[PDB]
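First the structure, in the form of structure tokens, and then the observations on it.
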Amino acid sequence: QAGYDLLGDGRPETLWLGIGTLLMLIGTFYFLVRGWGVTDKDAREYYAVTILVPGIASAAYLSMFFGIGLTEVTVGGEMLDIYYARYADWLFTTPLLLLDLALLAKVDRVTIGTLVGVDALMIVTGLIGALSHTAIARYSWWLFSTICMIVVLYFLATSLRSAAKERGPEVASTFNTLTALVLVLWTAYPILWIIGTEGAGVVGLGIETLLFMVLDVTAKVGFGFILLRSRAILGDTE
Ligand SMILES: *C\C=C(C)/C=C/C=C(C)/C=C/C1=C(C)CCCC1(C)C
Ligand SMILES: CCCCCCCCCCCCCCCC(=O)O
Ligand SMILES: CCCCCCCCCCCCCCCC(=O)O
Ligand SMILES: CCCCCCCCCCCCCCCC
Ligand SMILES: CCCCCCCCC
Ligand SMILES: [Ca+2]
Ligand SMILES: [Cl-]
Ligand SMILES: [Cl-]
Ligand SMILES: [Cl-]
Ligand SMILES: [Mg+2]
Ligand code: NA
């Protein structure tokens, strides 16, 4: 795989996991330090939610870097590497990102429950796809998981967007900027999975790990930088 076997254990993808670990850790500490001076009760909630996103991802990347939670899955005569920590990371961090958006839009708890429930289902069925032993099963789960993602993104772009507009231009402009980023960046994840080792196998584990790392840092640290710079986080939350 494209990369460099940093720990001398046969895994060139640790170069990218290590860089990912460091960027997530720096993002976490930067948010933490800037949050210590925040006193507004609403801004403190956004900070609390948002620091945990790269913070949890830091733990997951450190675990992958050291090889904890790595195993192999046999599909016919090939053996695919599966890092479990990647899916546990996304299981926790994607609801937290969705919670940031839902706080900005100020939508009700049943809407939030639907959004995070479909999101959880997306991650779980992706994991089932990653562990499945026939190509037909792996592509079928991927398709179902992708449908779940489309549902989540549809709700953001319609119901939450409409709610956010009623909160005024600072909230609506921040919501719209973050949602523009999410609609593009989250969609990149199923594309990479199906062209990478889990799917068609055009891209190998090295390039795949590099690109997931770039997506992850952007989706977590980049997202948080745009959010936490905005005056919208001072507005009332429920
Ligand atoms: C770490 C932060 C984020 C926003 C991670 C997002 C991950 C996804 C949107 C993954 C989606 C998948 C789909 C829709 C299909 C099955 C395979 C995936 C789990 C990669
Ligand atoms: C390589 C980048 C590809 C990006 C493709 C982005 C397509 C996102 C589609 C998600 C569903 C959008 C739901 C409706 C959105 C809207 O009403 O504007
Ligand atoms: C360590 C982060 C690397 C990846 C970061 C990708 C996203 C760039 C973040 C800088 C955004 C610049 C300031 C906010 C811009 C805006 O409001 O849209
Ligand atoms: C002989 C090993 C040298 C390997 C050099 C790695 C490529 C340069 C590092 C660039 C990593 C950029 C990551 C993107 C950050 C979002
Ligand atoms: C031959 C295996 C079929 C895989 C199960 C179907 C998954 C339903 C979405
Ligand atoms: Ca306030
Ligand atoms: Cl403040
Ligand atoms: Cl206050
Ligand atoms: Cl590769
Ligand atoms: Mg309130
Ligand atoms: Na290594």
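To match Swiss-Prot, the residue numbers of chain A are left as they are there, and the shown ones run 7-244.
Method of determination (from the header): X-ray crystallography, 1.8 Å.
Even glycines carry a Cβ here, placed using N, Cα and C.
Noted in Swiss-Prot for the protein shown:
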MOD_RES   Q7  pyrrolidone carboxylic acid
MOD_RES   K226  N6-(retinylidene)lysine
TOPO_DOM  7-18  topological domain 'Extracellular'
TOPO_DOM  41-49  topological domain 'Cytoplasmic'
TOPO_DOM  72-89  topological domain 'Extracellular'
TOPO_DOM  138-141  topological domain 'Extracellular'
TOPO_DOM  203-210  topological domain 'Extracellular'
TRANSMEM  19-40  transmembrane segment
TRANSMEM  50-71  transmembrane segment
TRANSMEM  90-111  transmembrane segment
TRANSMEM  115-137  transmembrane segment
TRANSMEM  142-170  transmembrane segment
TRANSMEM  174-202  transmembrane segment
TRANSMEM  211-243  transmembrane segment
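Each of 19-40, 90-111, 211-243 was scored by its Cβ pairs under 8 Å to the transmembrane segment (142-170), and the highest score goes to 90-111.
For the transmembrane segment (19-40), same-chain residues at least 6 beyond its ends with a Cβ under 8 Å from one of its own Cβ atoms are 7, 9-13, 53, 56-57, 60-61, 63-64, 67-68, 70-71, 211-212, 215-216, 219, 222-223, 226-227, 230-231, 234.
Cα of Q7 (pyrrolidone carboxylic acid) to Cα of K226 (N6-(retinylidene)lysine): a span of 25 Å. Here the transmembrane segment (50-71) has Cβ contacts under 8 Å with residues 13, 20, 23-24, 26-27, 30-31, 33-34, 37-38, 40-41, 44, 89, 91-92, 94-95, 98-99, 102-103, 105-106, 109, 219, 222, 226-227, 229-230, 233-234, 239, 243 of the same chain, all six or more residues outside its ends. Nonlocal intrachain contacts for the topological domain 'Extracellular' (7-18), taken as residues 6+ away from its ends with a CB within less than 8 angstroms of a stretch CB, comprise 24, 71-73, 210-213, 215-216. Secondary structure at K226 (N6-(retinylidene)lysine), as computed by DSSP, is helix.
For the topological domain 'Extracellular' (72-89), residue counts in helix, strand and coil come to 0 helix, 12 strand, 6 coil, using DSSP. Highlighted: of the candidate stretches 90-111, 115-137, 211-243, 211-243 has the greatest count of Cβ pairs under 8 Å to the transmembrane segment (174-202). Within the chain carrying the topological domain 'Extracellular' (72-89), a Cβ under 8 angstroms from the stretch's Cβ atoms is held by residues 13, 15, 17, 136-141, 144, 203-204, 211, all 6 or more beyond its ends. Long-range neighbours of the topological domain 'Cytoplasmic' (41-49) within the same chain, counting only residues 6 or more positions beyond its ends whose Cβ lies under 8 Å from a Cβ of the stretch, are 57, 234, 239-243. Secondary structure of the topological domain 'Cytoplasmic' (41-49) per DSSP, as helix, strand and coil residue counts: 5 helix, 0 strand, 4 coil. Residues 79-82, 147 of the same chain sit 6 or more residues outside the topological domain 'Extracellular' (138-141) yet have a Cβ under 8 Å from a Cβ within it. Each residue in the topological domain 'Extracellular' (7-18) gets a DSSP state, and the totals come to 0 helix, 0 strand, 12 coil. Beyond the ends of the topological domain 'Extracellular' (203-210), by six or more residues, the same chain brings 7-8, 86-87, 135-136, 144-145, 148, 217 to within a C-beta distance below 8 angstroms of the stretch.
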